[PDB]
Each structure stands twice: as C-alpha cells, then as structure tokens.
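To start, the structure itself, in structure tokens.
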Amino acid sequence: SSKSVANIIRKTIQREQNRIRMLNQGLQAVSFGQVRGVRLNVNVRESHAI
Amino acid sequence: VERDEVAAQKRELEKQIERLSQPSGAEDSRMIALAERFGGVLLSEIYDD
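Chains A and B are the protein sequences, given in the same order. Each residue of the first sequence is one higher than the one before, starting from 1236 at the first, in the entry's author numbering. Each residue of the second sequence is one higher than the one before, starting from 644 at the first, in the entry's author numbering.
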C-alpha cells in the first residue's frame, strides 16, 4: 500500500507538471513594459521528494 | 510431512497473489524498470479498465 501511494503521488505530480507546461506555452512572448514572458515554475520540494 | 505440503501450497498461493499486486498485476519483477526506464506505459494498464 505504501509503494502504491508513492507511485500515485509521483504519477499525479508528473501529470500536473505536464499540464502546467502545456498551459505555459500560451503566455510566451507577451510584451509588457520590459516584461517579455511569463512562466509558472513547478518543482518538487526536496523535503518532500526524499 | 502434511505441514510441509500445506506450506508449499501456501507459498505458491502468496506468490501468485503477489504476482498480481503492482503496479498493475503483471510480470512486475522487471517489467517495472523496463516500463519507467522508457517513456512508455504498460499495455495491460492501458487496457486496465
């Protein structure tokens, strides 16, 4: 059960990262003042990865 | 002798039960590494539902 829980957490994290990366493509090259692009950076915290 | 025979049957039963356990019951002994090492998905899991 613990192994399954870990695997499902990993799978959900991967899916959400993929979805956010997909969404990010639409905000490429937005010209606002000196701002030229916007990104939602998603990462896995080490304190929780371990 | 009866106890050992029953124990052998038992061990076979738990091995069979485990073989269907994770990630989706299959030849997970090496199928796991063979599956995540490459950007693919198990066919059985693909037809899981």
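Ideal placement from N, C-alpha and C gives every residue a C-beta, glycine not left out.
Q.
Suppose you measure from the CA of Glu655/B to the CA of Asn1253/A; what does that come to, to the nearest Å?
A. Locating residue 655/B in the second sequence gives position 12, counting from the first residue. Locating residue 1253/A in the first sequence gives position 18, counting from the first residue. Roughly 42 Å separates the two Cα atoms.
Q: Check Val649/B in the structure and name its three-state DSSP category.
A: The residue labelled residue 649/B in the question sits at position 6 within the second sequence. Here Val649/B sits in helix by DSSP.
Q | Rounded distance between the beta-carbons of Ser687/B and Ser664/B, thought under 8 Å | A | Within the second sequence, residue 664/B is the residue found at index 21, counting from 1. Within the second sequence, residue 687/B is the residue found at index 44, counting from 1. With a Cβ gap of about 13 Å, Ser664/B and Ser687/B do not count as contacting.
Q. What's the gap between the Cα of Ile1244/A and the Cα of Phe681/B?
A. Along the first sequence, read from residue 1 onward, the residue named residue 1244/A stands at position 9. Along the second sequence, read from residue 1 onward, the residue named residue 681/B stands at position 38. C-alpha separation (whole angstroms): 19 Å.
Q. Does the Cβ-Cβ distance between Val1279/A and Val1273/A come in under 8 Å?
A. Counted from its first residue, the first sequence places residue 1279/A at position 44. Counted from its first residue, the first sequence places residue 1273/A at position 38. No, Cβ-Cβ distance for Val1279/A and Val1273/A is not below 8 Å.
Q) Hey, is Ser1239/A's beta-carbon within less than 8 Å of any beta-carbon in chain B? A) Along the first sequence, one-based indexing puts residue 1239/A at 4. By this cut-off, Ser1239/A is an interface position.
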